Amino acid sequence: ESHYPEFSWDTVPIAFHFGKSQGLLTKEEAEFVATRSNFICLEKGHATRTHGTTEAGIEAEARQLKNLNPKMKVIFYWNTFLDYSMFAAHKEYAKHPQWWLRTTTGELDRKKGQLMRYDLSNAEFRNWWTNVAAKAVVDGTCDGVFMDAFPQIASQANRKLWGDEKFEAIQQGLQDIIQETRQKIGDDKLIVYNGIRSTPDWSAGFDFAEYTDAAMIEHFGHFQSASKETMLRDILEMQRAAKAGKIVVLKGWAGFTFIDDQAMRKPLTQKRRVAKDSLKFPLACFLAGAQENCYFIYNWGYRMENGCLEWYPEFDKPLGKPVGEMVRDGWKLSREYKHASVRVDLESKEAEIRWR
């Protein structure tokens with residue numbers, strides 16, 4: 001309720017989720033964001049070139065954003081599973097090898113990229129990890145924490161690495177760490193997590209709801225989630241979690257992603273042309289199922305450069321309150337709004353938005 005970002009239907013409701021490594025947002029970049037949204041998650045790395053660590057950069061950025069828009073919610077990025085290097089906390093985690101997660105062989109468990117993975121079943125480490133978040137949102141200027149990598153924690157493949165007994169213990173430690181996070185930051189702070197995920201072999205809806213406020217749909221219509229079946233499950237889950245009072249952030253991808261090597265080599269006018277042309281479909285999906293407190297992100301990546309500050313006329317048009325619930329006829333969906341009509345076929349991938 002009252003710790004939620006201020007939500008409106010006047011236009012399409014937009015959130016941001018990116019980092020600018022080389023520095024803080026310029027005044028003009030911050031004004032762009034602070035004017036167009038009340039909801040931003042700042043990524044790992046933000047301003048590390050000028051401010052050394054992520055905590056210092058995000059703290060500084062939270063301050064400049066909130067000076068521009070006082071209702072702004074600024075979310076501190078803090079990975080639940082992975083020991084990223086670009087935080088001050090990393091040099092604290094380096095000194096606690098008694099916590100480090102190992103496989104059944106004794107080898108240290110690291111992900112590609114030399115990233116140690118956390119032993120969430122370890123109570124000291126859980127205490128330490130939640131204190132990092134509390135330093136940033138309670139003692140700092142942030143309004144919440146973004147808890148990433150839950151599907152990675154839950155992946156069954158971890159059973160081969162840890163064993164059944166440890167695998168369940170880490171699953172329980174994920175439940176515990178969410179509870180301890182809420183205890184450490186308090187009730188008036190946002191807990192955003194990643195997330196809702198629908199794939200042919202493994203899916204997740206909104207969970208942990210006694211404690212979490214917001215879930216991100218990170219891979220809508222892409223990666224292992226591009227099928228009509230997975231896009232419907234995600235749209236329905238947005239509809240259901242939001243109707244139940246949660247915040248849902250749907251990440252739309254602008255016709256490609258930062259992981260596609262060939263797409264990222266295209267000239268920027270091509271990237272933008274694709275982004276303009278790729279917007280109607282995922283926007284119509286969002287607007288099909290969108291309820292209150294639902295947010296849309298549209299770009300091709302999590303770095304600023306990746307289209308995060310591109311804007312589109314669809315984001316300025318009158319939208320207005322829904323005037324009826326979503327309608328489903330097979331893979332076809334429709335939604336009426338006070339100033340717009342939406343139709344989308346998940347099977348054929350067509351979409352219409354009549355503004356009026």
# chains A, B, ... in the order shown; residues from 1 in each chain; ligands from 1
$ residues_around --residues "residue 274 of chain A" --least-positions-apart "2" --cutoff "12 Å" --atoms "only C-alpha atoms" --output "list in words"
residues 253, 254, 255, 256, 257, 263, 264, 266, 267, 268, 269, 270, 271, 272, 276, 277, 278, 279, 280, 299, 300 and 307 of chain A
$ residues_around --residues "segment 24-31 of chain A" --least-positions-apart "6" --cutoff "8 Å" --atoms "only C-alpha atoms" --output "number ranges by chain"
A: 46-47, 50, 57, 60-61, 64-65, 68, 309
$ residues_around --residues "residue 17 of chain A" --least-positions-apart "4" --cutoff "6 Å" --atoms "only C-alpha atoms" --output "mmCIF file with C-alpha atoms, in the first residue's frame"
data_model
loop_
_atom_site.group_PDB
_atom_site.id
_atom_site.type_symbol
_atom_site.label_atom_id
_atom_site.label_comp_id
_atom_site.auth_asym_id
_atom_site.auth_seq_id
_atom_site.Cartn_x
_atom_site.Cartn_y
_atom_site.Cartn_z
ATOM 1 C CA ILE A 40 13.803 2.876 -10.644
ATOM 2 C CA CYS A 41 16.164 0.051 -9.785
ATOM 3 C CA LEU A 42 19.827 1.013 -10.103
#
$ atom_distance --atom1 "atom CA of residue 88 of chain A" --atom2 "atom CA of residue 183 of chain A"
22.4 Å
$ atom_distance --atom1 "atom CA of residue 230 of chain A" --atom2 "atom CA of residue 199 of chain A"
5.9 Å
$ select_by_dssp --residues "segment 63-243 of chain A" --states "strand (DSSP E or B)" --output "number ranges by chain"
A: 73-79, 82, 102, 108, 110-111, 115-117, 144-148, 190-197, 204, 214-217
$ residues_around --residues "residue 353 of chain A" --least-positions-apart "3" --cutoff "7 Å" --atoms "only C-alpha atoms" --output "PyMOL selection string"
chain A and resi 284+340-343
$ residues_around --residues "residue 133 of chain A" --least-positions-apart "6" --cutoff "8 Å" --atoms "only C-alpha atoms" --output "compact mmCIF listing (two decimals) with N, CA and C atoms, in the first residue's frame"
# COMPACT_ATOMS: atom_id res chain seq x y z
N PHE A 76 17.89 -0.45 -4.49
CA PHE A 76 19.27 -0.88 -4.43
C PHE A 76 19.39 -2.31 -4.94
N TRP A 78 20.94 -5.82 -5.26
CA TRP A 78 21.72 -6.63 -4.30
C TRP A 78 21.43 -8.10 -4.57
N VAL A 145 15.18 -2.81 -1.91
CA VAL A 145 16.25 -3.67 -2.41
C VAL A 145 15.69 -4.60 -3.47
N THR A 181 15.53 -10.15 5.56
CA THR A 181 15.61 -8.87 4.86
C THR A 181 14.51 -7.93 5.32
N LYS A 184 15.19 -6.56 8.60
CA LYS A 184 16.32 -5.63 8.69
C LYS A 184 16.02 -4.28 8.06
N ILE A 185 15.15 -4.21 7.07
CA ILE A 185 14.90 -2.94 6.42
C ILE A 185 13.61 -2.32 6.89
$ select_by_dssp --residues "segment 215-279 of chain A" --states "helix (DSSP H, G or I)" --output "MDAnalysis selection string"
chainID A and resid 223:225 228:243 261:265 268:278
$ write_last_selection --atoms "C-alpha atoms" --output "PDB file, in the first residue's frame"
ATOM      1  CA  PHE A 223      14.961 -16.480 -24.015  1.00  0.00           C
ATOM      2  CA  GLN A 224      13.164 -19.735 -23.009  1.00  0.00           C
ATOM      3  CA  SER A 225       9.878 -17.764 -22.604  1.00  0.00           C
ATOM      4  CA  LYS A 228       2.699 -18.534 -26.796  1.00  0.00           C
ATOM      5  CA  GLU A 229       2.183 -20.822 -23.792  1.00  0.00           C
ATOM      6  CA  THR A 230       4.834 -19.061 -21.725  1.00  0.00           C
ATOM      7  CA  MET A 231       3.721 -15.560 -22.659  1.00  0.00           C
ATOM      8  CA  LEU A 232       0.161 -16.347 -21.574  1.00  0.00           C
ATOM      9  CA  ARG A 233       1.312 -17.776 -18.230  1.00  0.00           C
ATOM     10  CA  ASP A 234       3.300 -14.596 -17.571  1.00  0.00           C
ATOM     11  CA  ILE A 235       0.445 -12.284 -18.546  1.00  0.00           C
ATOM     12  CA  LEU A 236      -1.960 -14.244 -16.395  1.00  0.00           C
ATOM     13  CA  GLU A 237       0.472 -14.258 -13.527  1.00  0.00           C
ATOM     14  CA  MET A 238       0.880 -10.484 -13.769  1.00  0.00           C
ATOM     15  CA  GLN A 239      -2.924 -10.141 -13.700  1.00  0.00           C
ATOM     16  CA  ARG A 240      -3.264 -12.399 -10.695  1.00  0.00           C
ATOM     17  CA  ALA A 241      -0.403 -11.107  -8.579  1.00  0.00           C
ATOM     18  CA  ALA A 242      -1.445  -7.507  -9.148  1.00  0.00           C
ATOM     19  CA  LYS A 243      -5.088  -8.240  -8.442  1.00  0.00           C
ATOM     20  CA  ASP A 261      26.154 -10.624 -30.460  1.00  0.00           C
ATOM     21  CA  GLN A 262      25.044  -9.894 -34.065  1.00  0.00           C
ATOM     22  CA  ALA A 263      22.194  -7.635 -33.030  1.00  0.00           C
ATOM     23  CA  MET A 264      24.458  -5.609 -30.754  1.00  0.00           C
ATOM     24  CA  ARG A 265      26.866  -4.880 -33.696  1.00  0.00           C
ATOM     25  CA  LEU A 268      22.414   2.616 -33.476  1.00  0.00           C
ATOM     26  CA  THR A 269      19.876   3.927 -36.021  1.00  0.00           C
ATOM     27  CA  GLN A 270      19.143   0.274 -36.798  1.00  0.00           C
ATOM     28  CA  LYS A 271      18.851  -0.601 -33.112  1.00  0.00           C
ATOM     29  CA  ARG A 272      16.382   2.235 -32.648  1.00  0.00           C
ATOM     30  CA  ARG A 273      14.420   1.392 -35.797  1.00  0.00           C
ATOM     31  CA  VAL A 274      14.111  -2.158 -34.483  1.00  0.00           C
ATOM     32  CA  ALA A 275      13.103  -0.842 -31.087  1.00  0.00           C
ATOM     33  CA  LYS A 276      10.357   1.381 -32.537  1.00  0.00           C
ATOM     34  CA  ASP A 277       9.108  -1.517 -34.660  1.00  0.00           C
ATOM     35  CA  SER A 278       9.340  -4.091 -31.853  1.00  0.00           C
TER      36      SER A 278
END
$ atom_distance --atom1 "atom CA of residue 212 of chain A" --atom2 "atom CA of residue 130 of chain A"
14.2 Å
$ closest_residue --among "A:283, A:196, A:161, A:259" --to "residue 306 of chain A" --atoms "only C-alpha atoms"
A:259
